[PDB]
Amino acid sequence: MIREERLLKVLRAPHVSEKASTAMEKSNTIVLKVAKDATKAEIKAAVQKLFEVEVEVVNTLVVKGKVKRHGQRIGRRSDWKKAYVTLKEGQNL
Amino acid sequence: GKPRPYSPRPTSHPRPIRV
Amino acid sequence: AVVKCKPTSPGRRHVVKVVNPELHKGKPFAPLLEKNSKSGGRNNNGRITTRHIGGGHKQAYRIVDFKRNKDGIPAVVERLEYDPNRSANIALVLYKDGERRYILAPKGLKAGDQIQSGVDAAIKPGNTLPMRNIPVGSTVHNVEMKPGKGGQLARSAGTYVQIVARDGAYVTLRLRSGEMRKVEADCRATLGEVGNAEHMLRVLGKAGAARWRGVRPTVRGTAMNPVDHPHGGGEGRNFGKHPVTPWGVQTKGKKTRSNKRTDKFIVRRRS
Amino acid sequence: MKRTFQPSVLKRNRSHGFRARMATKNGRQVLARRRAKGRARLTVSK
RNA sequence: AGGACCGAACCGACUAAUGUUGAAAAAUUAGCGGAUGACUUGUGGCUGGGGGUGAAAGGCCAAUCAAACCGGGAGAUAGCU
RNA sequence: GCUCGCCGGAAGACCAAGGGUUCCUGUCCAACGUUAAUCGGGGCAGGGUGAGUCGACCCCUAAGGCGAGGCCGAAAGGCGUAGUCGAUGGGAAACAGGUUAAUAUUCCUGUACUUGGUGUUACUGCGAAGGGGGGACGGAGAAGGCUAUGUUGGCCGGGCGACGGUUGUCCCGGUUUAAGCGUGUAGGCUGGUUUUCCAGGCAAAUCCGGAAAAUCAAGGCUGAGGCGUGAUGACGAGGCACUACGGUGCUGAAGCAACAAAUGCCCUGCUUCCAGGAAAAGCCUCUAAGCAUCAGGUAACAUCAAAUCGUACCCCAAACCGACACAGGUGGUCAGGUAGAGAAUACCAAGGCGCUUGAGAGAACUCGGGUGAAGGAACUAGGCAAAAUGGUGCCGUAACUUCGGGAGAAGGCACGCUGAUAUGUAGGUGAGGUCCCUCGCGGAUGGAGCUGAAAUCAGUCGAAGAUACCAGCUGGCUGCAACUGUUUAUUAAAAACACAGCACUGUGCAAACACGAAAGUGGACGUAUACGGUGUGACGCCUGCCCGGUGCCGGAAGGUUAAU
Ligand SMILES: *[C@H]1O[C@H](CO)[C@H](O)[C@H](O)[C@H]1NC(C)=O
Ligand SMILES: [Mg+2]
Ligand SMILES: [Mg+2]
Ligand SMILES: [Mg+2]
Ligand SMILES: [Mg+2]
Ligand SMILES: [Mg+2]
Ligand SMILES: [Mg+2]
Ligand SMILES: [Mg+2]
Ligand SMILES: [Mg+2]
Ligand SMILES: [Mg+2]
Ligand SMILES: [Mg+2]
Ligand SMILES: [Mg+2]
Ligand SMILES: [Mg+2]
Ligand SMILES: [Mg+2]
Ligand SMILES: [Mg+2]
Ligand SMILES: [Mg+2]
Ligand SMILES: [Mg+2]
Ligand SMILES: [Mg+2]
Ligand SMILES: [Mg+2]
Ligand SMILES: [Mg+2]
Ligand SMILES: [Mg+2]
Ligand SMILES: [Mg+2]
Ligand SMILES: [Mg+2]
Ligand SMILES: [Mg+2]
Ligand SMILES: [Mg+2]
Ligand SMILES: [Mg+2]
Ligand SMILES: [Mg+2]
Ligand SMILES: [Mg+2]
Ligand SMILES: [Mg+2]
Ligand SMILES: [Mg+2]
Ligand SMILES: [Mg+2]
Ligand SMILES: [Mg+2]
Ligand SMILES: [Mg+2]
Ligand SMILES: [Mg+2]
Ligand SMILES: [Mg+2]
Ligand SMILES: [Mg+2]
Ligand SMILES: [Mg+2]
Ligand SMILES: [Mg+2]
Ligand SMILES: [Mg+2]
Ligand SMILES: [Mg+2]
Ligand SMILES: [Mg+2]
Ligand SMILES: [Mg+2]
Ligand SMILES: [Mg+2]
Ligand SMILES: [Mg+2]
Ligand SMILES: [Mg+2]
Ligand SMILES: [Mg+2]
Ligand SMILES: [Mg+2]
Ligand SMILES: [Mg+2]
Ligand SMILES: [Mg+2]
Ligand SMILES: [Mg+2]
Ligand SMILES: [Mg+2]
Ligand SMILES: [Mg+2]
Ligand SMILES: [Mg+2]
Ligand SMILES: [Mg+2]
């Protein structure tokens, strides 16, 4: 059992894109930006407790930040974790 | 000014030997 | 048997091979196998300390019994095996209590023949007695130098030791070198001669055959520059130096034995 | 032609990496010199 | 069977022409040698500078070698320009 | 968009390594791009990498590293034991189809599999850091059985031809389907089973090893492929409907056989040889201490878990190593057609490209090629370069020789196409049917169909039949080195180095010797038929005279001579 304090720190944002939109209307799946240290179990616990929906399986990947230039000074965006969270048959978010 | 000179590079012809 | 190859290729013309058909064609006895990775003549500093060592065929080490401590229990020779670690052939022997061991294969010893070690052992080849229980004039191999240490003298192909004289607690041994050395009477020897005496009649025939046995080329001192070797240098073939090792020590007759601890056991040198 | 630099990250790290430096007193003196000079990158590790 | 024979891959480098501020700080093109072996190749490991390693050419040891490279003694010394 | 050309054992495809956003989309063209650029691996912004099964991590070790104590060393440190790390090796499990602008064995659909935890039920000797088995291993060669795969026929759908002919022995296309589960075949290995005892396996052992009976001779292990199921599904040439002309929606025929056939599989096999061919764990089994109607073990069923990190993209290259969008370098995997011995070569397929300045002109001269009258090495240091030879079969083949060679010596003859022999032969393959049958993936007989050289005879076309590409020049005398090898990365490949063989010499093992202030380590888990050093250099015939000098080895009457 995971503390609610920990479950409130693993979901950062819903990820908005065409692939996220397509996944939500085709494979009843929600795409979330999650904490980089979050586990599949913690994501599957947090979504169920904070959105009151039934989760089938969590798929996760780590997005490597891009090297960007801002006034001929090289910089790097932070790496973040993306969660493909598959809900059951009829739940809706 | 002048750029740093190159290390030795291949030479097309032998220096003539005078002896 | 010593068989000459036919000159079908130039590298086979001079080849003389020792074809022994009484050798186990199958795999060796696994329980008495250890790995022994090669050195390339390099020590724990990673430096070449013995030149001309490297490559050659991968070899597993056969745990050979040189001690022959298992006394009173009769042993039958199962098969003669090829051993890549030594010039001698080795015999796989089965004692009457189940235990199997490798021994140096003495001349004559075949499969079926019975061997036995100890004080009351019979006087026949393969049998290992303490040398005070072996008659004077006998021919022996796998001779211990200290009681219980295991055989160190006369292990190589066709080698043997003659027990010439027994005096008190010591026996005098004529070694293959021609040396007369004293050893403790208690020290164990195996009767007979070490087999595979035709081992010296082999002609490797080509450079590669040496490279198979793990020997790398010897470069002559006189072929080098002075910086590399005392014999180095010269316009054309020159020498004009007393022959020396790569390290300046004279190499054509200079005695290098310096062991005052073991001098007392030497009755007469080879000279 | 084969040039002298044939990259391997494993060999790089083992030969020059942070832990390799820390393993010997001379290696630790390298780190001390580089910190003293104020290098942004102490070793190849990064 | 073979350090066997012919010959691609693969490894090499005998000849010629080209190129020589190159396409290339060692190549290209046409021929050339080895091609089951003392062969060749990937990965990792070990050997350190009067030291290594060398089938030995003073060869090779990061485009550097009759003593590597980097920092230091150091503004060596220079009856020379 | 049409045509043209180029690669196609690659200039295609998939990776590792390495790089790190170069990927996809929109937008911009200053700079970057050897030109312009609307384009880009360029600028800017947004997107994109989804795993119990792939890989890492992880368990296990190799070389080697580190190394508690320890031994050693002025200090720093060196070595190494117990250990602990270290892959390039060993160790559980997923396949086909579909899908995105960009990921997919990761998403979806269908159908699987593995390991562990927990619970239930039944039955029960469980238990290791220990013992045994296993894991577990070389080179070469050979043959059979196979599949990938291809070809042809059948089958199905479509076609009837821009110019003579084309309803046929005609043309084009398709003819695909996995893991898993079941079966247990070609082949390979081994004789089972029971009882009794035992100086062995650090102790024990029901396991292993050994010994002694008894009975039965067919039992076990291993194993490609095939076949069945998986699959009433999926895919499917095209056609019917929408086209924002990018691509969505919808339906769906045949889906068989024969022959050929790998370098892949059976095969970690088999045969053979000498140079004699990792380790450890997982796994299987055995008990010890211990635990005794308990824990734990075995089986079935149910449920739960399988985290974390990588996953885009390039990868013989414009993204890696070469300062460059550089004719260079870079390990693994895949391997279609015709001809061919072939992964050579030529032309093609799939697929990918035309190499990021063009346009003219048609001087010398340079480069890379083609051809050449007569002559034919007169060239030149030298036939340098070029020209030439070049395949297969048969015939034929010198000196010399270590009897293997030399040898493809040299030299001569034949070669296409068509018909016949024979509507396609020898050979290979092998259906239906019949018969036997311990009844199956069987055996025997049987030659339907399929595939298919080589040769002979006859005819026939060309100047030429090895027609292209491809593909030895040959012979004679002689120096040197026996030979295959090795070498001056980048002006020297040799007669130099090495080499088998030979000899001398050292070396008795705590070996000589070498690396090391030392401990140690190599030599060697070797032991004089061994090991080091030196010189010589296959083989054959041989290797003479000299010991004064300088080394070395041995002797010792005296003379001299150190510290003390
Ligand atoms: C070029 O000259 C160097 C000396 O500077 C060398 O001699 C080299 O071999 C020369 N190369 C040529 C082709 O002559
Ligand atoms: Mg999933
Ligand atoms: Mg993942
Ligand atoms: Mg100036
Ligand atoms: Mg030697
Ligand atoms: Mg020699
Ligand atoms: Mg020289
Ligand atoms: Mg000298
Ligand atoms: Mg001379
Ligand atoms: Mg002289
Ligand atoms: Mg050959
Ligand atoms: Mg070379
Ligand atoms: Mg070439
Ligand atoms: Mg050859
Ligand atoms: Mg060849
Ligand atoms: Mg010289
Ligand atoms: Mg260099
Ligand atoms: Mg110097
Ligand atoms: Mg000074
Ligand atoms: Mg100065
Ligand atoms: Mg960018
Ligand atoms: Mg792009
Ligand atoms: Mg421009
Ligand atoms: Mg861009
Ligand atoms: Mg180790
Ligand atoms: Mg310590
Ligand atoms: Mg250590
Ligand atoms: Mg480990
Ligand atoms: Mg690995
Ligand atoms: Mg892609
Ligand atoms: Mg087939
Ligand atoms: Mg092959
Ligand atoms: Mg990819
Ligand atoms: Mg390139
Ligand atoms: Mg370009
Ligand atoms: Mg290559
Ligand atoms: Mg080709
Ligand atoms: Mg012209
Ligand atoms: Mg011209
Ligand atoms: Mg011409
Ligand atoms: Mg002419
Ligand atoms: Mg003419
Ligand atoms: Mg003529
Ligand atoms: Mg002339
Ligand atoms: Mg002239
Ligand atoms: Mg020529
Ligand atoms: Mg020519
Ligand atoms: Mg002459
Ligand atoms: Mg030669
Ligand atoms: Mg040669
Ligand atoms: Mg050179
Ligand atoms: Mg050269
Ligand atoms: Mg020792
Ligand atoms: Mg010589």
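A note on names: the letters A, B, ... follow the listed sequences, proteins ahead of strands, and every chain is numbered from 1. Only heavy atoms go into these numbers, but all of them, side chains included; no hydrogens, no water, no symmetry mates.
- If you check distances only, the side chain of A:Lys40 never reaches the base of F:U308 with a donor-acceptor pair under 3.5 Å.
- When the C1' atom is compared between F:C54 and E:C5, the two are found 47 Å apart, to the nearest whole Å.
- For F:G554, the base has no donor-acceptor partner in the side chain of C:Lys255 [N/O atoms by modelled type, under 3.5 angstrom].
- Applying the 3.5 Å distance criterion, the base of F:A500 shares no donor-acceptor pair with the side chain of C:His14.
- Nucleotides E:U64 and F:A344 place their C1' atoms 44 Å apart, quoted to the nearest Å.
- Separating the CD1 atom in C:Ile73 from the CD atom in C:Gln116 is a distance of 9.5 Å, to the nearest 0.5 Å.
- Dashed line: the shortest gap from a side-chain N or O of A:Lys82 to OP1 or OP2 of F:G48 is under 4.0 Å.
- Residues F:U402 and F:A538 show canonical Watson-Crick or G-U wobble pairing, with both defining distances under 3.5 Å.
- Put simply, the residue from C:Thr128, C:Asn142, C:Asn69, C:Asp71 that forms a side chain to side chain donor-acceptor pair (under 3.5 Å) with C:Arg188 is C:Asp71.
- Nearer the 5' end of RNA chain F, as judged by each residue's closest nucleotide, is the contact made by D:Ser8, out of A:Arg69 and D:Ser8.
- Applying the 3.5 Å distance criterion, the base of F:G533 shares a donor-acceptor pair with the side chain of C:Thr251.
- Put simply, C:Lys27 sticks its side chain into the major groove, getting closer than 5.0 Å to the bases there.
- Put simply, the side chain of C:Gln59 gets close to the backbone of C:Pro84: a donor and an acceptor are under 3.5 Å apart.
- Ion pairing between a basic and an acidic side chain is recognised when a charged N comes within 4.0 Å of a carboxylate O; C:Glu81 and C:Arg79 show such pairing.
- Ion pairing between a basic and an acidic side chain is recognised when a charged N comes within 4.0 Å of a carboxylate O; C:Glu144 and C:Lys146 show no such pairing.
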Which atom pairs, donor and acceptor, lie under 3.5 Å between side-chain atoms of residues 260-268 of chain C and protein residues at least two apart or in another chain?
from     : atom 1 : to       : atom 2 : distance (Å)
C:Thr262 : OG1    : C:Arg257 : NH2    : 2.9
C:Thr262 : OG1    : C:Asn259 : ND2    : 3.1
C:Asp263 : OD1    : C:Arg257 : NE     : 3.1
C:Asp263 : OD1    : C:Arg257 : NH2    : 2.7
C:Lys264 : NZ     : C:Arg261 : O      : 2.8

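- For F:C552, the base has no donor-acceptor partner in the side chain of C:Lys252 [N/O atoms by modelled type, under 3.5 angstrom].
- For C:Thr49 against F:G522, a side-chain-to-base donor-acceptor contact under 3.5 Å is present.
- Atom CZ of D:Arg12 is separated from atom P of F:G19 by 9 Å (rounded to the nearest Å).
- Checked by distance alone, C:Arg13 brings a side-chain donor or acceptor within 3.5 Å of a matching partner on the base of F:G404.
- You'll find a donor-acceptor pair under 3.5 Å spanning the side chain of C:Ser177 and the base of F:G508, going by distance alone.
- Below the 3.5 angstrom threshold, one finds no donor paired with an acceptor across the side chain of C:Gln59 and the base of F:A275.
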Letter per nucleotide, 5' to 3', of nucleotides 61-74 of chain E [B base touched, S only sugar-phosphate touched, - untouched; heavy atoms, 4.0 Å]: -BB---B-------
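- Under the Watson-Crick and G-U wobble criteria, each requiring two contacts below 3.5 Å, nucleotide F:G33 is paired to F:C39.
- For F:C71 with F:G393, the Watson-Crick or G-U wobble criterion does not hold with each of the two distances under 3.5 Å.
- Contact annotation for A:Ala83: no contact, since no heavy-atom pair falls under 4.0 Å across all strands.
- The base of F:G522 is not paired with the side chain of C:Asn45 by any donor and acceptor separated by under 3.5 Å.
- E:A55 and E:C39 have their P atoms separated by 13 Å, with the value rounded to a whole Å.
- In this structure, the side chain of C:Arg155 engages the main chain of C:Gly151 through a donor-acceptor pair within 3.5 Å.
- Comparing the same atom, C1', in F:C473 and in E:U29 gives a spacing of 23 Å after rounding to whole Å.
- Under 3.5 Å, the side chain of C:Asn44 and the base of F:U521 form no donor-acceptor pair of N or O atoms.
- Judged by atom type and distance alone, C:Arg176 does not reach the base of F:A528 through any side-chain donor-acceptor pair under 3.5 Å.
- In this model, a side-chain donor or acceptor of C:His242 finds a partner on the base of F:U550 within 3.5 Å.
- Ion pairing between A:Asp37 and A:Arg6 holds under the 4.0 Å rule for side-chain N and carboxylate O.
- In this structure, F:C23 and F:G47 make a Watson-Crick or G-U wobble pair, each of the two defining distances being under 3.5 angstrom.
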